[PDB]
Amino acid sequence: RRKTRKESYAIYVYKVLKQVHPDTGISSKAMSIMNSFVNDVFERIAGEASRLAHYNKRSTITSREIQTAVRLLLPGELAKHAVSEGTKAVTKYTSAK
Amino acid sequence: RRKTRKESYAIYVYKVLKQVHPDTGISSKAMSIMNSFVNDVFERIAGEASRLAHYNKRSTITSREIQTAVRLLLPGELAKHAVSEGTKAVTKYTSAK
Amino acid sequence: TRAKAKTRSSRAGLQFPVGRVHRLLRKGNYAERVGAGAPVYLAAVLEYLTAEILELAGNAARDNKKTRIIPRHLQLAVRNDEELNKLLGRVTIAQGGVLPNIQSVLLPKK
Amino acid sequence: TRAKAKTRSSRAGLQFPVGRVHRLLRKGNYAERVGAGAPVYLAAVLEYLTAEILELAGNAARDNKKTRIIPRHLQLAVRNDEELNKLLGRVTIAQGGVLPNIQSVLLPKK
Amino acid sequence: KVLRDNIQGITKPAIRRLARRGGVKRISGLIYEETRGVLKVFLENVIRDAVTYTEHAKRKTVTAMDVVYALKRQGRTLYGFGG
Amino acid sequence: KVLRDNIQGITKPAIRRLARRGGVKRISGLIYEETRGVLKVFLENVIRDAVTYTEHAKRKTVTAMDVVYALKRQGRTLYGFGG
Amino acid sequence: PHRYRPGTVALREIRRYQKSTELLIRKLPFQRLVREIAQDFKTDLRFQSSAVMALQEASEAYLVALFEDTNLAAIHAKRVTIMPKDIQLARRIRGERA
Amino acid sequence: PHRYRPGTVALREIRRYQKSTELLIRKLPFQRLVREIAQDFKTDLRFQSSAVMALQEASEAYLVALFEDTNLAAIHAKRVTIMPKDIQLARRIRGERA
Amino acid sequence: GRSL
Amino acid sequence: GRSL
DNA sequence: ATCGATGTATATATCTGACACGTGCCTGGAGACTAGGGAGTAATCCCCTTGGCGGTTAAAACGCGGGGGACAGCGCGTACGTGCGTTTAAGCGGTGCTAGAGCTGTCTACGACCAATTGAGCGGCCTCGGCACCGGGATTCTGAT
DNA sequence: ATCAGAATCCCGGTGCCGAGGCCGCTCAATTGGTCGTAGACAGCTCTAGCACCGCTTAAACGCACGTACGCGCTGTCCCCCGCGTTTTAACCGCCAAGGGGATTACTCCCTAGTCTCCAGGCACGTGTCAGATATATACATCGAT
């Protein structure tokens, strides 16, 4: 019997990698670091978005809590770009419904 | 109209104070610090108990998650005495329940 | 018919409010479910740590010949106890000040 | 019949999985409710930060004349960028090593 | 209208008092401008977060809770102002 | 089985190599026993928490995830072992 | 006339300000500094009185703790006088500076 | 016979070990140390091989970072030799309360 | 000793 | 500079 | 400068096992739909924030004199680095086995939901005594003689 | 050692406004019950952790040498302290306007939940070429002269 199905971001990191550097590969150990990074940053943002909802007595985490969490957690110009990317994606998604 | 109710631990801090030092009082600024302390330690323990349940794929925070969170968060003797106090209370409760 | 209500705090032998601690666990998005013993155990721990600080702060108040605990006495209690100082290392207590502490090389030579 | 299924990632124009991110937000006990735009915004941010690191790490790999990113190249990428170094300031990258750095007083005199 | 040069309101004797509580016996004359730069950087980090919490609440007033949350996020938990 | 005095297996040339990566040019002979004491305190704090995660899971084997969670508790997040 | 020797009054000042708990920066100058910094992040902000006092408590606690680490750095260099290089070392070893 | 002067090979060793990513402690001695410490917290523990490697990566990264802070302390004292008082200063300013 |  |  | 020897970086050829990819499956994401209550928002109250002024006097700013601390030089001696001949045990590989991690199936003890009822504890009100202030005397440090 | 001066400490007294107690009410904790599913737990299996042997040789060890670094001392210079005078503006008590924080009521838009597919993502197997080893040697640079 095959081993239990364990999810990873590995395929998405690779799909992003081949946009950024189509001729570059990645080692299995480096991919494990990248999977750890994505999980870490996810938990930081989701954790801060959770507190924002709590401090404002909201039941709901929305894109607005995510945007504010990003502005809290990411430094400097890294925050400016991430907020832009997040706003662009939500705009496109809303136009596509 | 009267203001909306704002709950605090102040009355229970005072009840504990009158056990340890019956003749001693507390200023409202010191009580505000004590209320902040209780909220801080609650949030720390419940937060680690939450992660413990998640790491073990459990839906329920039980007294066993609380006991482990206390052993993670408190320094040595504080942990041992807190674990004793918590275990005694749960033992008494389940006998009177 | 219905029995007279006896609080879970009194069943546990606690001053701290087991019923409110249970509500705060349920409302806090900590887990899908909260077991019946969790708020009893947590309330007993919060009560213990409260008593630990207040005892040391009450002693500091007597040393200062004060009847009433003020933030200074909480600071003196926390920083003079090695374990509470470790538990509260990253905490600032407003109006607490600092421990009296001069480096020995700064004291004048006899 | 129902329309042919499109991933929400495709509607968002994302590589990262909006549907999985939405499930993780719902299952992770972050709030009672998760709004529909929250996983789209979060997936876009996670994708952007992934692309930012991989670009710098792919440059470092190319500077070492190597085709594969290895942990060394991730460490060089993060530690040489001021903002990623600040984001990852408390993170240890296994098998990353350290930046080459000798304090000037240690170098031999001419 | 706009405020200017208020960092010089952190007076040399005020910095001395803070150094005295820090147990410092003797203070070089260059410490005061160094200390002002350090304090300004510290306040910028806390206030930037506190304003971020204020704008998320759609409030125009920075509350003490916004400061307490800003300090808590930065690992500098403050007791005595609520929370 | 019982183990004793394995801290001496952290030998002088191993500590020297770590200092070299730390950019250290010249090392006092007293550093080696100082460094061993520091390492032993660090490992005690991490392993105590990792064993606590192990016992709560009712496991007898310490897993890499237990170490990763213990390090994250210390504020020393480790990438590359899962999580 | 009578004169204390250098450092005698400095030691009395240390003893004094380590007993007391009051805030050591003048409140109105600090409040104007807070408002000046805030105006870069948002125009026409208002502040609760307690919000400014929370900032001052946090700021003075931070600076006092930094001066303790700075004093240890100066004494490590066998100096009595703290110098900017002592602040910069304390900040770097803390990980506040890079 | 040929000799390099004192510190010539030390600098050459610094360049080597900052270039490499290899783990610098011997694995079997470190593994026995981990087991000897764990033996105080629970008897008859087992370890995943990756659990020991995670501990070693974390421990070496910690010690390397401490030596960087220790070197800055030594240089602050206008020394080039790191000494235990420098480790103690670095840990104290970090808040490890050495 | 620690409190009760 | 900073990526897209 | 010069030599020369040490050791590091650059080329080339062999090899291999790690990753890049393809396939088969199934699990979990997507499509369509309903229910209902979280959040938007509009209208209102009134808290508390900003702002301005006039007095006082605490604190800041300034100048100055000179004490002692910073720090640049120098001397010396012993602690450390560099080297190498010897010893240790780490590392590799192979093998054997069984502890226990991981999984599946079944049950029921437990916790979530619910409605009815009550009193815990909250807001507000008032009182008085713990602490703030202060003026006078005690005494203890400081430093100069 | 001794003495005069400054400073801090201690005491008795006045008084005020914050802490403690009380009231009364309202909403959140209790009681009693049902439901259903989380997880206790028993049984199984096959991963991988542990133990062991034994060979090779990388690394650790220990001992010699000497040099360059630590640090101990001294001398000089000027920066900082202490403190007396003048100036500033902090503080604070008061008055005022108002902005906007903090509620309400309403209601609709959004998300949770459900069922039904069905294709994205995983575990697995395979092939090959990017990187690791090895040998050679061109080039750097160290340091004795």
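In what follows, every chain begins at residue 1, and chains take the letters A, B, ... in the order their sequences are listed.
Residues D:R26 and A:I61 both approach DNA chain K. Their nearest nucleotides, taken by heavy-atom distance, put D:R26 toward the 5′ side. Mapping H:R3 and H:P29 onto DNA chain K via the closest heavy atom, the residue that lands nearer the 5' end is H:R3. Each of A:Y9 and D:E32 has a nearest nucleotide on DNA chain L; the 5'-most of these lies closest to D:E32. In this structure, B:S27 and H:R35 both approach DNA chain L, and ranking their closest nucleotides by distance from the 5' end singles out B:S27.
Looking at H:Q31 and H:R35, their side chains do bring a donor and an acceptor atom within 3.5 Å of each other.
For G:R32 and K:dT50, the shortest distance from a side-chain N or O to OP1 or OP2 is not below 4.0 Å. In terms of phosphate contacts, A:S59 brings no side-chain nitrogen or oxygen within less than 4.0 Å of OP1 or OP2 of K:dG38. In terms of phosphate contacts, C:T7 brings no side-chain nitrogen or oxygen within less than 4.0 Å of OP1 or OP2 of L:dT30. Applying the 4.0 Å criterion to OP1 and OP2 of L:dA102, one finds that B:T4 has every side-chain N and O outside that range. Between A:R2 and K:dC25 there is no side-chain N or O to OP1 or OP2 distance below 4.0 Å. Considering only side-chain N and O atoms, H:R12 lies nowhere under 4.0 angstrom from the phosphate OP1 or OP2 of K:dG81. Between A:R1 and K:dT104 there is a side-chain N or O to OP1 or OP2 distance below 4.0 Å. Note on E:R26: every side-chain N or O is 4.0 Å or more away from OP1 and OP2 of L:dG82. Distances shorter than 4.0 Å separate none of the side-chain N or O atoms of G:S49 from OP1 or OP2 on K:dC48. Side-chain nitrogen and oxygen atoms of E:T11 include at least one within less than 4.0 Å of the OP1 or OP2 phosphate oxygen of K:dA60. In this model, the phosphate group of L:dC80 is approached by a side-chain N or O of E:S28 to a distance below 4.0 Å at OP1 or OP2. The shortest distance between the side-chain N/O atoms of G:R26 and the OP1/OP2 oxygens of L:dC91 is below 4.0 Å. Note on H:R5: a side-chain N or O is less than 4.0 Å away from OP1 or OP2 of L:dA68. Of the side-chain N and O atoms in A:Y14, one or more sit less than 4.0 angstrom from OP1 or OP2 of K:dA20.
Of the possible polar contacts, none joining the A:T60 side chain to the D:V34 backbone as a donor-acceptor pair under 3.5 Å is found. Although no hydrogens or angles enter the test, the distance criterion places a donor-acceptor pair under 3.5 Å between the side chain of E:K25 and the main chain of C:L106. With F:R20 contributing its side chain and F:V24 its backbone, the two residues share a donor-acceptor pair below 3.5 Å. With hydrogens and angles ignored, the 3.5 Å screen pairs a side-chain donor or acceptor of E:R59 with a backbone N or O of E:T61.
The shortest non-hydrogen separation linking H:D86 to H:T81 is OD2-O, 3.8 Å.
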Study note, to complete from the structure: Scoring nucleotides 92-101 of chain K by protein non-hydrogen atoms under 4.0 Å (B base, S sugar-phosphate only, - none) yields -------SSS
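In this entry the distance linking CZ of G:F30 with P of L:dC91 reads 12 Å, nearest Å. Rounded to an integer number of Å, the gap from NE2 of H:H2 to P of K:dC84 is 11 Å. Regarding C:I69, its CD1 atom lies at a distance of 13 Å from the P atom of L:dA19, rounded to whole Å. Distance, D:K66 NZ to K:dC19 P: 14 Å, rounded to whole Å. Atom CD1 of G:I82 is separated from atom P of L:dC80 by 11 Å (rounded to the nearest Å). Atom-to-atom, OH of F:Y32 to P of L:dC61 comes out at 11 Å; the value is rounded to the nearest Å. To the nearest angstrom, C1' of L:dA130 lies 18 Å from CZ of D:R62. Going from atom CG of H:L11 over to atom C1' of L:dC69 covers 15 Å, rounded to whole Å.
Of the candidates K:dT6, L:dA112, L:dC61, the closest approach to any side-chain atom of F:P13 belongs to L:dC61. Distance from the side chain of D:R23 is smallest for K:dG28 among the nucleotides L:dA40, K:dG28, K:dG121.
With hydrogens and angles left out, the side chain of D:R2 and the base of L:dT116 share a donor-acceptor pair within 3.5 Å.
Residue B:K29 is classed as having no contact, given no heavy-atom separation below 4.0 Å to the nucleic acid. At a threshold of 4.0 angstrom between heavy atoms, the contacts of H:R15 with the nucleic acid are absent. Across all strands shown, A:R5 has heavy atoms under 4.0 Å from base atoms, whether or not it also approaches the sugar-phosphate. Using a 4.0 Å heavy-atom distance criterion, G:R16 is classed as making no nucleic acid contact. C:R33 comes within 4.0 angstrom of the backbone, heavy atoms only, and of no base. Residue-level contact check: H:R79 touches the backbone only, with heavy atoms under 4.0 Å from sugar-phosphate atoms and none from bases. Residue A:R64 is classed as having no contact, given no heavy-atom separation below 4.0 Å to the nucleic acid. No contact: B:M31 has no heavy atom under 4.0 Å from any strand.
Salt bridge annotation for B:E7-C:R23: present, with a cationic side-chain nitrogen under 4.0 angstrom from a carboxylate oxygen. Between A:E65 and A:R58 there is no salt bridge, since none of the side-chain N atoms of the basic residue sits less than 4.0 Å from a carboxylate O of the acidic one.
Judged by the sign of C1'-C2'-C3'-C4', L:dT103 carries a north-puckered sugar. Nucleotide L:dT104 carries a north sugar pucker, as its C1'-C2'-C3'-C4' torsion angle is positive. Pucker assignment for L:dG98 gives north. The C1'-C2'-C3'-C4' angle has a positive sign.
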Point to revise | Trace of the side chain to side chain donor-acceptor pair (under 3.5 Å) decision for A:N35 with A:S32 | key: CA-CA 5 Å; A:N35 190 59; A:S32 180; over 6 Å; no
Practice item. Please lay out, stage by stage, how F:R16 and H:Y17 fare under the test side chain to side chain donor-acceptor pair (under 3.5 Å). Key: CA-CA 11 Å; F:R16 181 182 295 278; H:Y17 289 117; over 6 Å; no
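A cation-pi arrangement is found for H:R12 relative to H:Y4, the charged atom lying closer than 6.0 Å to the ring centre and inside a 45° cone about the ring normal.
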